[PDB]
Amino acid sequence: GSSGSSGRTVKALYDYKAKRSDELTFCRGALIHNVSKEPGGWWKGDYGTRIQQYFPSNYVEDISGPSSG
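If you're matching positions, the sequence shown starts at 1 in PDB author numbering and goes up one per residue.
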């Protein structure tokens with residue numbers, strides 16, 4: 001049971017490494033789907049072996065959305 005699903009995506013603008021029990025691992029360029037823009041700071045997304053793991057929004061940029069439309 002889970003309410004609230006989004007298809008947002010973000011790309012890592014810099015290499016990062018999870019140094020805690022609650023963190024996501026990715027390199028510059030990577031992409032994370034299902035981004036839940038939280039009101040606080042850390043967001044929720046999935047990445048490879050990792051799933052719905054907190055990650056620094058300052059190390060990623062939103063890529064999902066209309067570019068030309």
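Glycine included, every Cβ here is placed at the ideal spot set by N, Cα and C.
Could you name the residues of the same chain whose beta carbon sits closer than 6 Å to that of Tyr-47, not counting the 5 residues immediately before and after it, in chain order?
Only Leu-24, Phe-26 and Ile-32 meet the Cβ criterion.
Taking the alpha-carbon of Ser-3 as reference, which of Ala-18, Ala-30, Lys-11 and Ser-36 has the nearest alpha-carbon?
Closest by alpha carbon: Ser-36.
Using the three-state DSSP reduction, which class does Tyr-14 fall into: helix, strand or coil?
Coil at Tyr-14, not helix or strand.
For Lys-44 versus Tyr-54, is the C-beta spacing smaller than 8 Å?
With a cutoff of 8 Å on beta-carbon distance, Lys-44 and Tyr-54 are scored as near each other.
Less than 8 Å between the C-beta atoms of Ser-57 and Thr-9, yes or no?
Going by C-beta atoms, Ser-57 is not nearer than 8 Å to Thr-9.
Please name the residue, chosen from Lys-11, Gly-7 and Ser-5, that lies closest to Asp-62 on a Cα-to-Cα basis.
Residue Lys-11 is the option with its Cα nearest to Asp-62.
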